[PDB]
Amino acid sequence: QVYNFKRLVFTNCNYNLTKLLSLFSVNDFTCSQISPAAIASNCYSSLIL
Amino acid sequence: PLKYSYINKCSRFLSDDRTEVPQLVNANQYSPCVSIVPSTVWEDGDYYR
Amino acid sequence: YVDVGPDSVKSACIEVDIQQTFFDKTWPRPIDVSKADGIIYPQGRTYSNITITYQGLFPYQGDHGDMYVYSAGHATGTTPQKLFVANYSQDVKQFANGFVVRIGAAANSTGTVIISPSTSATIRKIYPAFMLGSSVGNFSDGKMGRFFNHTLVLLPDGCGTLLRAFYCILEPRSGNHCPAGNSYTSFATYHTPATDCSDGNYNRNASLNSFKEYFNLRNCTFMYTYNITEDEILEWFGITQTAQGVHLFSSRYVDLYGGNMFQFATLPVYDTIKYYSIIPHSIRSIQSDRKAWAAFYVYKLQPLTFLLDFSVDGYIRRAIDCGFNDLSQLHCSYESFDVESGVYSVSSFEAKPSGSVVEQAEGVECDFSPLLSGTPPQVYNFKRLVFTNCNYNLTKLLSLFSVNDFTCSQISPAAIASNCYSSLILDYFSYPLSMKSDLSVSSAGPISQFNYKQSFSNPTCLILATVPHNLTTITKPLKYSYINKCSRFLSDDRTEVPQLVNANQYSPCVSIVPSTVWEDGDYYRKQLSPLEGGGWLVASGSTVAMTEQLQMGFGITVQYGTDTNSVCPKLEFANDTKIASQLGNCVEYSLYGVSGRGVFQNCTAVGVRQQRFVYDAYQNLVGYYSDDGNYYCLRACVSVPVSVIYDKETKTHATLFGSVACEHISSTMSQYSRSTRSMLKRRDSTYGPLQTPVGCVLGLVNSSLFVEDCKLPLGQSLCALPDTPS
């Protein structure tokens, strides 16, 4: 529920987010302060979902 | 989910029974009100204290 | 969940006896910021032999910290006994952006056994245990420190060589001296050297097992473990929390000798910590073998800024807490640990606030005087007064009667008097006390049925009271009366329909019934017009004999505004300090919503009279006409300018308070510009302030010497000689 959120902290690991995109139909994609393409290609100290 | 649910209010009554303190959720934090709200809202407009 | 393993079999716990007075020791340990004490090394970057400014969470320089000491429990002869521990279990603290600790500080030295100082045993490093969480409260026995939902356990196991972290839920045990059991005193854990920490097989589960005896794990989410080796050299350890989770810092992993702290580990737990406590622990050693343990310290982190002296090896060796004192501030302003000599400007004293002063219109007064004269109405004929936008004191109003019934619905009777509402409404009528059983919004009686009703859409009240012998303007009905029937006969002259009284309304039958009922059981009828559908109004009533003092009833209802609550119990400083004026200090004020801080004084008037606010050409408020008819005027407030003398060659200093004069100067400051004055006090704790032609100074010494150039001149003929060379 909107007040019960699950969180995943990601460190030390490799990803390919388009694999995840294939799993769902996306009806809204908006990113603030970063292009969506860049956030997919950027490397980080952490990724949080 | 049995129903999708959300909290549409979160505030604390002042001990003097005349005023009330609103509690907007903090960034990256659970609202304090989660401690009383059930895992789903049983009926629309339900409230808890 | 996490495979923590089976819980302890027995429900019983070793009894815990609080011996906290044995732990009373004075041994504060201030942060020597110039030695980088407690300094956490910056994240992801390093530097050469250059120095920089830096902002982050650090311990305050003058913070002497909190001290904790662990000790052996009771044991006698060659066997263990009940536990003797401090009251550490009750020490719940507000978690506040992390903290750091000092451990092994007194290692490689000697002290006392503490629980049995009558030994003077040597002391060694011992590791502390802690508990963190978002909620705390009372145990079933009313004991302090109970945590709820999920908690974080920081527990060393067996020897210091093993550290385990746990995130679980704790379940109270019902055994003897156990959290749920009613013989529970205080939670504690323990270690038994006789079998624990064996040289060829250290008991890796020792601490945890004694832990399990008091709590059962119930659903665990996290568990981590760390490999540690023993070393009596002092170590630093700290904890912080961010949106990425809890972070763990230590000097041990990287900087054994310099003490710089590095992010040793991190936790997936991001649940906000609100409370922090320390877990008590005791050693089950043989009485003759009890070993004293080194004192342990804790320091709280704060969002401060520092100069950092980095070594070419990248280690922080020295640091400057900018806000500690004026000198430190200058160092930060010059980004250097060696500022050139001279006189320098420093921030002024803020002065200080006083009790507030507020003026606003008073006396509006919610009407309530009609109740005190004439004869009150029969309960079906009750009279109503509506009040909005006005000031009241119902508890004063009710002291005019003796109250024999004070009740309400959906509001406590006390709360309705103190609560503000958009409106206040009062109904009043004569009412004998003999009928009091019939007066409730829920009553089965004829009074609720036909005479008076109150809506359940608003809080309501009912009051029965009687008239004092000193309310001679109040008069009484020949008999008390009420309607005990009200119905309309249907036009077919056989069917009949009862008319229960409408909430907050007169019964329809009041139109036929007389202002009082002349006799018990009197009844009346009225033919109804064809527009009414025909039929007959029918009503009847009953009476109660008049009494020596009038007996009365009242109804009260209120409406709470969403934002329209204009009716309030305002009092004109009743039971209050009379804040309306001061002669005066630097009081914060509000004048009909105009606000600021300043000194008011009873000065002379300038016009235009009664326009209240006098202003400057820059629109600064200048003064005020009070509604007590006196002009007062406002100087706002002033600050004390400050500067300091710095003698770099001797590395000493002295100060100047500007033009303030020593009448307003004191050994410590109540205002104040900075958290300390102690650097001045290093020599000036023994001397009074001195006046000069510029103004009052500290530590300047009147030598009355004549010198051509001091290189520190204060202007005028004033001068400031350096202390003579070594």
# chains A, B, ... in the order shown; residues from 1 in each chain; ligands from 1
$ select_by_dssp --residues "chain B" --states "helix (DSSP H, G or I)" --output "PyMOL selection string"
chain B and resi 32-35
$ interface_residues --of "chain B" --to "chain C" --cutoff "9 Å" --atoms "only C-alpha atoms" --output "number ranges by chain"
B: 16-18, 28-30
$ closest_atom_pairs --of "chain A" --to "chain C" --cutoff "12 Å" --atoms "only C-alpha atoms" --output "Markdown table"
| residue | atom | partner | partner_atom | distance |
| --- | --- | --- | --- | --- |
| A:5 | CA | C:271 | CA | 11.6 |
| A:6 | CA | C:270 | CA | 11.3 |
| A:7 | CA | C:270 | CA | 9.3 |
| A:8 | CA | C:268 | CA | 8.7 |
| A:9 | CA | C:244 | CA | 6.9 |
| A:10 | CA | C:244 | CA | 9.4 |
| A:11 | CA | C:244 | CA | 10.1 |
| A:45 | CA | C:244 | CA | 10.1 |
| A:46 | CA | C:244 | CA | 7.9 |
| A:47 | CA | C:244 | CA | 9.2 |
| A:48 | CA | C:244 | CA | 8.1 |
| A:49 | CA | C:244 | CA | 11.0 |
$ closest_atom_pairs --of "chain B" --to "chain A" --cutoff "9 Å" --atoms "only C-alpha atoms" --output "tab-separated table"
residue	atom	partner	partner_atom	distance
B:1	CA	A:1	CA	8.2
B:4	CA	A:1	CA	6.6
B:5	CA	A:1	CA	5.7
B:6	CA	A:2	CA	5.6
B:7	CA	A:3	CA	7.1
B:30	CA	A:3	CA	6.7
B:31	CA	A:3	CA	7.1
B:34	CA	A:3	CA	6.8
B:39	CA	A:1	CA	7.4
B:40	CA	A:1	CA	7.0
$ atom_distance --atom1 "CA of residue 684 in chain C" --atom2 "CA of residue 699 in chain C"
5.8 Å
